[PDB]
$ cat data-v9.cif   # mmCIF, C-alpha atoms and all ligand atoms
data_my_file
#
loop_
_atom_site.label_atom_id
_atom_site.label_comp_id
_atom_site.auth_asym_id
_atom_site.auth_seq_id
_atom_site.Cartn_x
_atom_site.Cartn_y
_atom_site.Cartn_z
CA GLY A 1 -1.99 -11.71 -14.45
CA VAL A 2 0.69 -14.02 -13.02
CA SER A 3 2.74 -13.80 -9.81
CA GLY A 4 4.53 -16.26 -7.50
CA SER A 5 2.47 -19.28 -6.37
CA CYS A 6 3.37 -18.57 -2.74
CA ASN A 7 1.09 -15.49 -2.87
CA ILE A 8 -2.39 -15.47 -1.41
CA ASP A 9 -5.57 -14.30 -3.14
CA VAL A 10 -7.45 -11.68 -1.10
CA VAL A 11 -10.64 -13.75 -1.29
CA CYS A 12 -9.00 -16.56 0.74
CA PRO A 13 -9.63 -16.93 4.45
CA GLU A 14 -6.52 -14.83 5.15
CA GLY A 15 -8.62 -11.84 4.07
CA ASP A 16 -11.24 -12.44 6.78
CA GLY A 17 -11.42 -9.48 9.13
CA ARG A 18 -9.60 -7.31 6.53
CA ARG A 19 -12.41 -6.92 3.93
CA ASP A 20 -12.37 -3.15 4.43
CA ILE A 21 -8.66 -2.38 3.80
CA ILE A 22 -8.64 -4.76 0.84
CA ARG A 23 -10.90 -2.22 -0.85
CA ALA A 24 -8.43 0.65 -0.39
CA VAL A 25 -5.84 -0.90 -2.72
CA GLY A 26 -5.50 -0.33 -6.46
CA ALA A 27 -3.00 -1.27 -9.19
CA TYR A 28 -1.95 1.30 -11.77
CA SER A 29 -0.32 1.96 -15.07
CA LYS A 30 2.14 4.74 -15.97
CA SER A 31 2.07 6.19 -19.48
CA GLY A 32 0.15 3.10 -20.64
CA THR A 33 2.23 0.39 -18.93
CA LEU A 34 1.38 -1.45 -15.73
CA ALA A 35 3.66 -0.15 -13.02
CA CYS A 36 2.88 -0.34 -9.33
CA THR A 37 0.44 -0.39 -6.44
CA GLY A 38 -1.11 2.43 -4.38
CA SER A 39 -3.97 2.74 -1.85
CA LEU A 40 -6.40 5.32 -0.44
CA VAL A 41 -5.85 6.90 2.97
CA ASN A 42 -8.33 8.81 5.14
CA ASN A 43 -7.54 12.27 6.58
CA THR A 44 -8.71 14.18 9.67
CA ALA A 45 -11.39 16.02 7.68
CA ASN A 46 -13.12 12.70 6.82
CA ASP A 47 -14.00 14.12 3.40
CA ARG A 48 -13.12 11.19 1.11
CA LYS A 49 -10.55 13.15 -0.91
CA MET A 50 -8.88 10.70 -3.33
CA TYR A 51 -5.50 10.71 -1.55
CA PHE A 52 -3.62 7.76 -3.12
CA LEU A 53 -0.30 6.86 -1.44
CA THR A 54 2.35 5.14 -3.62
CA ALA A 55 6.14 4.83 -4.03
CA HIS A 56 8.42 7.60 -5.33
CA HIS A 57 10.54 5.15 -7.30
CA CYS A 58 7.48 4.29 -9.44
CA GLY A 59 7.88 7.81 -10.90
CA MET A 60 4.43 9.40 -10.64
CA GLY A 61 5.82 12.31 -8.60
CA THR A 62 5.66 14.72 -11.56
CA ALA A 63 2.70 16.65 -13.01
CA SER A 64 3.13 15.02 -16.35
CA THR A 65 3.45 11.39 -15.14
CA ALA A 66 0.75 11.77 -12.47
CA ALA A 67 -1.60 12.97 -15.21
CA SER A 68 -0.96 9.68 -17.07
CA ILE A 69 -2.20 7.30 -14.41
CA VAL A 70 -4.80 4.65 -14.91
CA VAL A 71 -6.03 3.04 -11.65
CA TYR A 72 -7.64 -0.41 -11.61
CA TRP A 73 -9.91 -1.18 -8.66
CA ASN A 74 -11.13 -4.59 -7.50
CA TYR A 75 -8.61 -6.46 -9.65
CA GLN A 76 -8.38 -9.86 -7.94
CA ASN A 77 -8.92 -13.60 -8.52
CA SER A 78 -12.64 -14.51 -8.22
CA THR A 79 -11.88 -17.64 -6.18
CA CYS A 80 -9.25 -18.60 -3.64
CA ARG A 81 -6.33 -20.42 -5.28
CA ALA A 82 -4.42 -22.57 -2.75
CA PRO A 83 -1.09 -20.88 -2.06
CA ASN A 84 2.06 -22.86 -2.85
CA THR A 85 0.25 -24.81 -5.57
CA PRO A 86 0.53 -24.46 -9.34
CA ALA A 87 -2.95 -22.93 -9.44
CA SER A 88 -1.65 -19.94 -7.47
CA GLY A 89 1.16 -19.41 -9.97
CA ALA A 90 -1.23 -19.54 -12.92
CA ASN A 91 -2.89 -16.73 -14.89
CA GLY A 92 -5.70 -15.27 -12.73
CA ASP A 93 -9.24 -14.33 -13.80
CA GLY A 94 -9.24 -10.77 -12.40
CA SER A 95 -11.17 -8.06 -14.23
CA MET A 96 -9.41 -4.75 -14.99
CA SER A 97 -12.62 -2.96 -16.01
CA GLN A 98 -13.28 -0.72 -12.96
CA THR A 99 -10.92 2.16 -13.64
CA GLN A 100 -10.31 5.87 -13.27
CA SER A 101 -7.59 8.03 -14.83
CA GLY A 102 -5.63 11.15 -14.09
CA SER A 103 -4.29 12.59 -10.85
CA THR A 104 -2.21 15.45 -9.47
CA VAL A 105 0.83 15.24 -7.17
CA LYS A 106 0.40 16.45 -3.61
CA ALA A 107 3.85 15.44 -2.38
CA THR A 108 6.78 13.18 -3.12
CA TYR A 109 10.02 12.39 -1.25
CA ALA A 110 12.88 10.04 -2.13
CA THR A 111 14.25 9.18 1.33
CA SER A 112 11.11 7.45 2.57
CA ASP A 113 10.21 6.73 -1.07
CA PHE A 114 6.60 8.03 -0.86
CA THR A 115 4.35 9.83 -3.28
CA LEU A 116 0.91 11.21 -2.41
CA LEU A 117 -1.32 11.68 -5.41
CA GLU A 118 -4.87 13.05 -5.49
CA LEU A 119 -6.99 11.19 -8.13
CA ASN A 120 -8.90 13.54 -10.40
CA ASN A 121 -12.21 11.71 -10.04
CA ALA A 122 -14.30 11.51 -6.91
CA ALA A 123 -15.14 8.07 -5.58
CA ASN A 124 -17.59 6.17 -7.80
CA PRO A 125 -20.06 4.34 -5.53
CA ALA A 126 -19.87 1.43 -7.97
CA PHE A 127 -16.29 0.81 -6.83
CA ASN A 128 -17.10 0.35 -3.11
CA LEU A 129 -13.80 2.02 -2.05
CA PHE A 130 -12.33 2.29 1.43
CA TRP A 131 -10.08 5.09 2.79
CA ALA A 132 -7.65 3.52 5.30
CA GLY A 133 -6.50 4.98 8.62
CA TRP A 134 -2.80 5.59 9.36
CA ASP A 135 -0.46 5.50 12.34
CA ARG A 136 2.54 7.86 12.51
CA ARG A 137 3.68 6.81 15.99
CA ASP A 138 7.40 6.19 16.44
CA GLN A 139 7.17 2.47 17.38
CA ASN A 140 7.48 -1.11 16.13
CA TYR A 141 4.56 -3.60 15.76
CA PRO A 142 4.18 -7.28 16.61
CA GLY A 143 3.08 -8.13 13.06
CA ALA A 144 1.81 -6.45 9.90
CA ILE A 145 -0.40 -7.03 6.88
CA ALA A 146 0.51 -6.29 3.25
CA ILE A 147 -2.16 -5.87 0.55
CA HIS A 148 -0.58 -5.53 -2.90
CA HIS A 149 -0.55 -6.30 -6.63
CA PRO A 150 2.56 -8.46 -7.23
CA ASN A 151 3.76 -8.06 -10.80
CA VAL A 152 0.80 -5.69 -11.02
CA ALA A 153 -1.35 -8.84 -11.22
CA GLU A 154 -4.39 -9.91 -9.14
CA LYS A 155 -4.49 -8.47 -5.59
CA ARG A 156 -2.79 -10.48 -2.86
CA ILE A 157 -2.37 -10.42 0.91
CA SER A 158 0.84 -11.23 2.79
CA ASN A 159 0.93 -11.71 6.57
CA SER A 160 3.84 -10.99 8.91
CA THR A 161 3.66 -12.48 12.41
CA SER A 162 7.14 -11.30 13.42
CA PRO A 163 7.83 -7.92 15.05
CA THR A 164 8.99 -5.14 12.72
CA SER A 165 12.28 -3.31 13.16
CA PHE A 166 13.73 0.02 12.04
CA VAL A 167 16.30 0.06 9.24
CA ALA A 168 17.69 2.34 6.53
CA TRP A 169 17.03 1.44 2.85
CA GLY A 170 19.28 -1.58 2.15
CA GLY A 171 18.90 -2.97 5.71
CA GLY A 172 21.68 -0.98 7.43
CA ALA A 173 21.25 1.01 10.66
CA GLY A 174 18.59 3.68 10.19
CA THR A 175 15.05 4.72 11.07
CA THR A 176 13.48 5.70 7.73
CA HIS A 177 12.14 2.22 6.91
CA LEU A 178 10.30 -0.59 8.66
CA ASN A 179 11.78 -4.07 8.11
CA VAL A 180 9.10 -6.73 7.72
CA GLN A 181 9.83 -10.46 7.94
CA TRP A 182 7.53 -12.73 5.90
CA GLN A 183 6.36 -16.22 6.95
CA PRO A 184 8.60 -19.05 5.69
CA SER A 185 6.02 -20.41 3.24
CA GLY A 186 3.71 -17.33 3.29
CA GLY A 187 3.16 -14.62 0.69
CA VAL A 188 5.87 -12.05 -0.03
CA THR A 189 6.05 -9.06 -2.41
CA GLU A 190 7.32 -8.68 -6.00
CA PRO A 191 8.22 -5.94 -8.48
CA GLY A 192 4.90 -4.12 -9.11
CA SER A 193 4.03 -4.45 -5.41
CA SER A 194 5.97 -1.25 -4.73
CA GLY A 195 3.99 1.52 -3.20
CA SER A 196 1.64 -1.02 -1.59
CA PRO A 197 0.72 -0.36 2.02
CA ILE A 198 1.88 -2.19 5.11
CA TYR A 199 -0.79 -2.06 7.84
CA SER A 200 -0.49 -2.58 11.59
CA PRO A 201 -2.55 -5.42 13.15
CA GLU A 202 -5.12 -2.65 13.80
CA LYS A 203 -5.35 -1.99 10.07
CA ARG A 204 -3.72 1.46 9.87
CA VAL A 205 -1.10 2.29 7.20
CA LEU A 206 2.45 2.47 8.62
CA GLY A 207 4.31 2.91 5.33
CA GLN A 208 4.40 1.76 1.72
CA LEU A 209 6.68 -0.71 -0.06
CA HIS A 210 10.09 0.54 -1.13
CA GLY A 211 11.48 -2.92 -1.91
CA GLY A 212 13.64 -5.70 -0.47
CA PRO A 213 15.14 -9.10 -1.11
CA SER A 214 12.00 -11.26 -0.92
CA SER A 215 10.65 -13.64 -3.56
CA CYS A 216 8.71 -16.91 -3.09
CA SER A 217 11.98 -18.81 -3.10
CA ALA A 218 13.71 -16.59 -0.54
CA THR A 219 14.80 -18.23 2.73
CA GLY A 220 15.66 -16.84 6.17
CA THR A 221 15.96 -13.07 6.58
CA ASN A 222 16.08 -12.65 2.78
CA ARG A 223 12.29 -13.29 2.92
CA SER A 224 11.65 -9.72 4.02
CA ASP A 225 10.96 -6.24 2.67
CA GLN A 226 11.43 -2.59 3.55
CA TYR A 227 8.74 0.06 3.82
CA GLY A 228 9.32 3.82 3.96
CA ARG A 229 7.70 4.89 7.22
CA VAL A 230 4.70 7.16 7.52
CA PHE A 231 6.56 8.48 10.59
CA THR A 232 9.41 9.58 8.32
CA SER A 233 7.16 10.87 5.57
CA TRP A 234 5.12 12.92 8.08
CA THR A 235 7.85 15.62 8.31
CA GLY A 236 9.42 14.37 5.11
CA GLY A 237 11.49 16.81 3.06
CA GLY A 238 10.55 19.81 5.19
CA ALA A 239 7.65 21.31 3.25
CA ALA A 240 4.18 20.46 1.99
CA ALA A 241 5.36 19.22 -1.45
CA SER A 242 7.61 16.63 0.26
CA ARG A 243 5.66 15.53 3.39
CA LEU A 244 2.29 14.07 4.48
CA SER A 245 1.23 16.19 7.48
CA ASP A 246 -0.44 19.09 5.63
CA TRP A 247 -2.55 16.68 3.61
CA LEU A 248 -3.50 14.03 6.18
CA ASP A 249 -4.28 16.35 9.10
CA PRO A 250 -5.82 19.39 7.44
CA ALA A 251 -8.12 19.85 10.46
CA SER A 252 -5.10 20.20 12.76
CA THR A 253 -6.27 17.63 15.30
CA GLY A 254 -2.69 16.58 16.08
CA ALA A 255 -3.85 12.91 15.96
CA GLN A 256 -1.04 10.28 16.04
CA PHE A 257 -3.31 7.73 14.29
CA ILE A 258 -6.83 7.65 12.78
CA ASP A 259 -9.21 4.91 11.59
CA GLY A 260 -10.52 4.43 8.05
CA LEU A 261 -13.72 5.59 6.38
CA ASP A 262 -16.06 3.49 4.24
CA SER A 263 -17.79 4.50 0.99
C1 LIG A 301 9.39 -0.52 -7.07
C2 LIG A 301 9.00 -1.93 -6.85
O1 LIG A 301 8.27 -2.58 -7.62
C3 LIG A 301 10.06 -2.84 -6.22
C4 LIG A 301 9.43 -3.80 -5.21
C5 LIG A 301 10.29 -5.09 -5.11
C6 LIG A 301 9.82 -6.01 -3.96
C7 LIG A 301 10.66 -7.30 -3.93
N1 LIG A 301 10.38 -8.10 -2.73
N2 LIG A 301 11.12 -2.00 -5.60
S1 LIG A 301 12.69 -2.35 -5.98
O2 LIG A 301 13.23 -2.52 -4.66
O3 LIG A 301 12.63 -3.36 -6.99
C8 LIG A 301 13.40 -0.89 -6.57
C9 LIG A 301 13.46 -0.62 -7.92
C10 LIG A 301 13.94 0.59 -8.35
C11 LIG A 301 14.43 1.53 -7.46
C12 LIG A 301 15.23 2.74 -7.87
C13 LIG A 301 14.26 1.30 -6.11
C14 LIG A 301 13.89 0.04 -5.67
#

$ encode --input "data-v9.cif" --output "structure tokens"
Amino acid sequence: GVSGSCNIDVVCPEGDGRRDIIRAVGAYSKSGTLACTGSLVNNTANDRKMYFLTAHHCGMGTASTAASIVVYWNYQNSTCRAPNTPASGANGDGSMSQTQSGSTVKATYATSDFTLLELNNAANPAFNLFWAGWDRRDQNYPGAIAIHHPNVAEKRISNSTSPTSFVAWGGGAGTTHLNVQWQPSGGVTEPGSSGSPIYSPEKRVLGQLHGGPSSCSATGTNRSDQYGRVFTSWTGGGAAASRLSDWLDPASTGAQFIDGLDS
């Protein structure tokens, strides 16, 4: 696939120390066409349920569209293409042959733009999946890491080394979204990246991509994005079919954050 040359291949050195969470991310298609990004999250029962967090706006929040999903695992460039060079902006060599299809909707909520699906098939050992931890604490972070499929192309990593802030969708005063500032010549996010996770420096999911003004040519504060907060989604719409709590903490531990689980 093709995406902006400013993006960074997950196999590059920027992926060092994050080789676990990279494996939680997948790209997917909706009714046949490539649509967005999602990723696996762990839960307090440590049972490896196929809980796949994505964005509401991608439209998989219905029985009939969730059934239609095709997930592509390990879709990434084989070699590190130097960011900000023509090679990065070129067609990648990623394989889309490790797939699974079908899922059911656990919950969905427009305000924080999240959707929790459960994939029909159990983890295939051949895929070497990872179920990421999460953090629902009401706080900001000194930086963040994005792992996504820009333009639903080869998997990329974007680093933020600026503190996050709370905003409403659109950047106005609010607390439903986390505002993330990208590096001036670093990777960003693009259409297709929606529903991709944003992780704290400690590698726990804090939210998923709603959208924002960024592109590789964006400058200043326009080189940022907004993520619907796990904190918001936790209580969500007020019931199991619109929140994350029931699903992520079935064992009722009351945990504010949890680590990931390997295959
Ligand atoms: C849904 C997704 O692909 C994009 C991500 C864009 C990231 C750009 N830096 N979200 S969106 O913000 O394009 C968007 C599209 C439709 C709707 C209704 C909401 C937002």

$ closest_residue --input "data-v9.cif" --among "A:145, A:167, A:71, A:40" --to "residue 24 of chain A" --atoms "all atoms listed in the file"
A:40

$ closest_atom_pairs --input "data-v9.cif" --of "segment 62-148 of chain A" --to "segment 195-217 of chain A" --cutoff "8 Å" --atoms "only C-alpha atoms" --output "JSON lines"
{"residue": "A:112", "atom": "CA", "partner": "A:210", "partner_atom": "CA", "distance": 7.9}
{"residue": "A:113", "atom": "CA", "partner": "A:210", "partner_atom": "CA", "distance": 6.2}
{"residue": "A:114", "atom": "CA", "partner": "A:208", "partner_atom": "CA", "distance": 7.1}
{"residue": "A:132", "atom": "CA", "partner": "A:204", "partner_atom": "CA", "distance": 6.4}
{"residue": "A:133", "atom": "CA", "partner": "A:204", "partner_atom": "CA", "distance": 4.7}
{"residue": "A:134", "atom": "CA", "partner": "A:204", "partner_atom": "CA", "distance": 4.3}
{"residue": "A:135", "atom": "CA", "partner": "A:206", "partner_atom": "CA", "distance": 5.6}
{"residue": "A:136", "atom": "CA", "partner": "A:206", "partner_atom": "CA", "distance": 6.6}
{"residue": "A:141", "atom": "CA", "partner": "A:200", "partner_atom": "CA", "distance": 6.6}
{"residue": "A:142", "atom": "CA", "partner": "A:201", "partner_atom": "CA", "distance": 7.8}
{"residue": "A:143", "atom": "CA", "partner": "A:201", "partner_atom": "CA", "distance": 6.2}
{"residue": "A:144", "atom": "CA", "partner": "A:200", "partner_atom": "CA", "distance": 4.8}
{"residue": "A:145", "atom": "CA", "partner": "A:199", "partner_atom": "CA", "distance": 5.1}
{"residue": "A:146", "atom": "CA", "partner": "A:198", "partner_atom": "CA", "distance": 4.7}
{"residue": "A:147", "atom": "CA", "partner": "A:197", "partner_atom": "CA", "distance": 6.4}
{"residue": "A:148", "atom": "CA", "partner": "A:196", "partner_atom": "CA", "distance": 5.2}

$ residues_around --input "data-v9.cif" --residues "residue 246 of chain A" --least-positions-apart "4" --cutoff "12 Å" --atoms "only C-alpha atoms" --output "ChimeraX atom specification"
/A:43-45,106-107,116,233-236,238-242,250-254

$ residues_near_ligand --input "data-v9.cif" --ligand "ligand LIG 301 (chain A)" --cutoff "10 Å" --atoms "all atoms listed in the file" --output "number ranges by chain"
A: 35-37, 54-59, 110, 113, 149-152, 169-170, 188-196, 209-216, 218, 222-227

$ atom_distance --input "data-v9.cif" --atom1 "atom CA of residue 159 of chain A" --atom2 "atom CA of residue 180 of chain A"
9.6 Å

$ closest_residue --input "data-v9.cif" --among "A:103, A:230, A:186, A:118" --to "residue 157 of chain A" --atoms "only C-alpha atoms"
A:186

$ closest_residue --input "data-v9.cif" --among "A:237, A:83, A:185, A:177" --to "residue 160 of chain A" --atoms "only C-alpha atoms"
A:185

$ axis_aligned_box --input "data-v9.cif" --around "segment 174-193 of chain A" --padding-each-side "6 Å" --output "JSON"
{"center_x": 10.9, "center_y": -7.4, "center_z": 1.0, "size_x": 27.4, "size_y": 38.1, "size_z": 32.2}

$ closest_residue --input "data-v9.cif" --among "A:168, A:25, A:123, A:70" --to "residue 47 of chain A" --atoms "all atoms listed in the file"
A:123

$ closest_residue --input "data-v9.cif" --among "A:1, A:38, A:184, A:32" --to "residue 115 of chain A" --atoms "only C-alpha atoms"
A:38

$ closest_residue --input "data-v9.cif" --among "A:220, A:260, A:4, A:172" --to "residue 154 of chain A" --atoms "only C-alpha atoms"
A:4

$ atom_distance --input "data-v9.cif" --atom1 "atom CA of residue 182 of chain A" --atom2 "atom CA of residue 156 of chain A"
13.7 Å

$ atom_distance --input "data-v9.cif" --atom1 "atom CA of residue 11 of chain A" --atom2 "atom CA of residue 179 of chain A"
26.2 Å

$ residues_around --input "data-v9.cif" --residues "residue 100 of chain A" --least-positions-apart "3" --cutoff "9 Å" --atoms "all atoms listed in the file" --output "VMD selection string"
chain A and resid 69 to 73 119 to 121
